[PDB]
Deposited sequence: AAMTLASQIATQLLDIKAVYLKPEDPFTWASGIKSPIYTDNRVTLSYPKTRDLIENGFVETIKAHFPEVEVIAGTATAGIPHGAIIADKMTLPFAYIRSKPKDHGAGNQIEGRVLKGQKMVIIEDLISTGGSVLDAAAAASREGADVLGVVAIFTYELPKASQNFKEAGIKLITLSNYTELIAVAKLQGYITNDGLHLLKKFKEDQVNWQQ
């Protein structure tokens, strides 16, 4: 009970296998990339204890970073369940933002100038949630920022958010998760070393 929120979330993600770490037997991602990590935080939705931790963490970080928020928008599709729960908990309007149109991406009703926080599940490059913010801004939102469950901490995501001028907060992150994984025996020191290389360079980490 003395762990950071980031570390508590990582503990539970590993425990419920929302995240698997197999640095010495890696996954193949799309695009021919081998990865020591697989993430599916939609699994958290099926574990009320973990889900409550995450949704309560989101509400707390939003109040802290974006107290003037007027609308909670979830990124289609993975960010939607979390966003809806957050909006219910804060007694705020909810909207969601499609990946593409069927004046067409926001579902719900958002007033011009309404202050929005956008909810995302996972940040890799941030491209998806950044495009969501772009669509929201086109349709009249005042986007305060983004909150996500987790980030791979890729330098490219930092660059994307900075260049876009959009604040990102995350509840947990790659560094805390691989740290907790080793502490808890999910990975060996050799595995931890490989995971650190993966953050540095996704192509030549092996």
Item to complete: Residue ranges with no C-alpha coordinates, please: along the deposited sequence, counted from 1, in order.
Response: 103-106, 211
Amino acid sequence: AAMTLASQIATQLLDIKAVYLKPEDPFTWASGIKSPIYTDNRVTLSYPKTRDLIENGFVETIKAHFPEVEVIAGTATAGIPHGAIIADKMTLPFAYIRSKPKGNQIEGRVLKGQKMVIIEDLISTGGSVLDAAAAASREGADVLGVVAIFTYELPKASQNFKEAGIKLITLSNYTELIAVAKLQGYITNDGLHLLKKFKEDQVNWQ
From here on, numbers count along this sequence of modelled residues.
Worksheet item: For the stretches 103-111 and 72-80, which has the higher mean C-alpha B-factor as given in the deposited record?
Response: 103-111
Fill in: Given 93-101 and 115-123, the range whose Cα B-factors average higher in the PDB entry
93-101
Item to complete: Quick one: which of 57, 145, 67, 26 shows the highest Cα temperature factor in the PDB entry?
Response: 26
Worksheet item: Out of 49, 34, 63, 138, which residue has the highest Cα temperature factor in the PDB record?
Response: 34
Response to the item:
Chain thirds by Cα B factor, record data; residue 151 belongs to the lowest
Worksheet item: In terms of the CA temperature factor given in the entry, to which third of its chain does residue 5 belong: lowest, middle or highest?
Response: lowest
Discussion item. Is residue 180 in the lowest, middle or highest third of its chain when residues are ranked by C-alpha B-factor?
Written reply: highest
Fill in: Assigned third (lowest, middle, highest) for the C-alpha B factor of residue 45
middle
Practice prompt. Relative to the other modelled residues of the same chain, rank the CA B-factor of residue 53 and answer lowest, middle or highest third.
Written response: lowest
